[PDB]
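Visitor: experimental coordinates for this protein are included below, preceded by the sequence.
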Protein chains: 2
Amino acid sequence: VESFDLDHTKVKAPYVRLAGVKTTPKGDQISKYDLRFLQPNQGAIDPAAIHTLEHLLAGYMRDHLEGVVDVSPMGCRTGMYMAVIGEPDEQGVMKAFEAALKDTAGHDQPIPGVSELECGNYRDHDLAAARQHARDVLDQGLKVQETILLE
Amino acid sequence: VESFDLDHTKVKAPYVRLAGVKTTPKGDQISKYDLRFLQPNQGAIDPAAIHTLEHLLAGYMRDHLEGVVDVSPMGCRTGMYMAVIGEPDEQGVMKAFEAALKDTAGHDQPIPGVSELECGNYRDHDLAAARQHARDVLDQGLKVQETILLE
Ligand SMILES: [Zn+2]
Ligand SMILES: [Zn+2]
């Protein structure tokens, strides 16, 4: 329940998907979401670009969604992972993500927090590619993806 | 408080560091930790290797630490990020991380979950490099790193 056993060949990117739910000791719920940009195993986002997307979405997701724990790039680089304090709400996360991506696509200012003081690899960034990935997702159109379990 | 404003030029990798604390509506605490392998801006872990480390630590951290929400690679690729349900406990996370790294360094079996069904980029893995990064951290020696705030 904390991490659904997803069949990666059956999903349709881009999408938002509830990936698991963890209940805290006092009864609160931590919802985990799979924010998929690319189709699994059909290519990956460049390290620089996903790093920049991390910098931009960290802030833009919080402008549109409450209770965000963190937004992290997935090791597979086809999307972002995000934990949110609150009961599952795929529709609300989808709308927040869509709004955050519009902010990212239209981000023509310096990348926030890029320096040796605030960033662990300040030289590895790509705004242009980050913005274009946001645009591609919006062009294709997002949807809530159901979890197809493996056998 | 949910994300301390760290001065990246003052830390000493490798280390474990409480990076922030988020309190849930019912009063539980979600502790966030910075598991730093490399010194900020002195190099990065290859995408394949960090992806494999993600696969291995997801399981090995849970063998040694309760309440783990998720273990994710940082966009800067100098370490891993992890959220844990529970009050701050840097010492306990350090010991868990050390034990998990010994499991990783000694992992000579197939990488878990590597296939088109269970992984979003199954072709991008590097066990050898993953294991060597675990060994390097253990050789250098871990310590709990205090957060030096920026000005
Ligand atoms: Zn950064
Ligand atoms: Zn994977």
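Guide: Looks like it arrived, so ask away. Residues are numbered from 1 along each chain as shown, chains lettered A, B, ... in the order given. Ligands and ions are numbered 1, 2, ... in the order given.

Visitor: report all helices and strands that the helix or strand in which residue A:96 is found contacts.
Guide: In the assignment (DSSP states H and E), residue A:96 maps to helix A:90-105. Where contact means 3 or more CB pairs under 8 Å, 6 or more residues apart in numbering or on different chains; DSSP states H and E, helix A:90-105 is packed against strand A:15-23, strand A:29-36, helix A:47-64, helix A:127-140. All C-beta spots, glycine's among them, are computed from the backbone N, C-alpha and C.

Visitor: next, format the ones you listed as TSV and append distance to residue B:1 and mean neighbour count.
Guide: TSV is the format used below for the helices and strands packed on helix A:90-105 (distance: least, CB to CB, whole Å; neighbours: other CB atoms under 10 Å in any protein chain shown):
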stretch	distance to residue B:1	mean neighbour count
strand A:15-23	21	20
strand A:29-36	18	23
helix A:47-64	14	22
helix A:127-140	28	17
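
Visitor: of those, which is nearest ligand 2?
Guide: In this view, those are compared for proximity to ligand 2 by CB to the ion, and strand A:29-36 is the closest at 12.2 Å.

Visitor: not counting its neighbours along the chain, what's nearest residue A:104?
Guide: residue A:134 (3.9 Å; CB to CB, 6 or more residues apart in numbering or on different chains).

Visitor: just residue A:18 next, same as before
Guide: residue A:88 (4.9 Å).

Visitor: and whichever residue of chain A sits closest to ligand 1, how far is that from residue B:93?
Guide: Across chain A, the shortest distance to ligand 1 (CB to the ion) belongs to residue A:119, at 3.5 Å. Separation of residue A:119 from residue B:93 (CB to CB, to the nearest Å): 23 Å.

Visitor: list the buried residues of the helix holding residue A:96.
Guide: Buried residues in helix A:90-105, defined by neighbour count with 16 or more other CB atoms under 10 Å in any protein chain shown: A:90, A:93, A:94, A:96, A:97, A:100, A:101, A:103, A:104, A:105.

Visitor: now stretch A:69-86
Guide: A:69-86.

Visitor: straight-line length of that stretch, end to end?
Guide: Its first and final residues considered, stretch A:69-86 spans 10 Å by CA to CA, to the nearest Å.

Visitor: hmm, it in reach of ligand 1?
Guide: No: using CB under 5 Å from the ion, stretch A:69-86 stays clear of ligand 1, with a minimum separation of 10.6 Å.

Visitor: so does that stretch get close to ligand 2?
Guide: Yes: Stretch A:69-86 reaches ligand 2 (CB under 5 Å from the ion) through residue A:76.

Visitor: any part of that stretch near chain B?
Guide: Yes: against chain B, stretch A:69-86 shows contacts by CB under 8 Å from any CB of the partner chain at A:69-70, A:72-79, A:81, A:83, A:85.

Visitor: kindly report the same for stretch A:125-132.
Guide: No: if you take CB under 8 Å from any CB as the test, stretch A:125-132 misses chain B, and the best it gets is 9.4 Å.

Visitor: which residue ends up closest to the midpoint of chain A in space?
Guide: residue A:80 (3.1 Å; CA atoms, centre = their mean).

Visitor: tell me the residues of chain A that contact ligand 2?
Guide: So chain A meets ligand 2 at residue A:76 (CB under 5 Å from the ion).

Visitor: up against ligand 1, what does chain A have?
Guide: So far as CB under 5 Å from the ion goes, chain A lies against ligand 1 at residue A:119.

Visitor: could you dump the helices and strands packed on helix A:90-105 into TSV with distance to residue A:147 added?
Guide: Below are the helices and strands packed on helix A:90-105 laid out as TSV (distance: least, CB to CB, whole Å):
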stretch	distance to residue A:147
strand A:15-23	6
strand A:29-36	9
helix A:47-64	21
helix A:127-140	20
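
Visitor: assess the claim that residue A:130 and residue A:47 are in contact.
Guide: No: Residue A:130 sits out of contact with residue A:47 when judged by CB atoms under 8 Å, with a separation of 11.5 Å.

Visitor: which neighbours do those two have in common?
Guide: Residues touching both residue A:130 and residue A:47 by CB atoms under 8 Å, 6 or more residues apart in numbering or on different chains: none at all.

Visitor: my read: the residue nearest to the centre of chain A touches residue A:68, true?
Guide: No: Residue A:80 is not in contact with residue A:68 according to CB under 8 Å; the separation is 11.6 Å.
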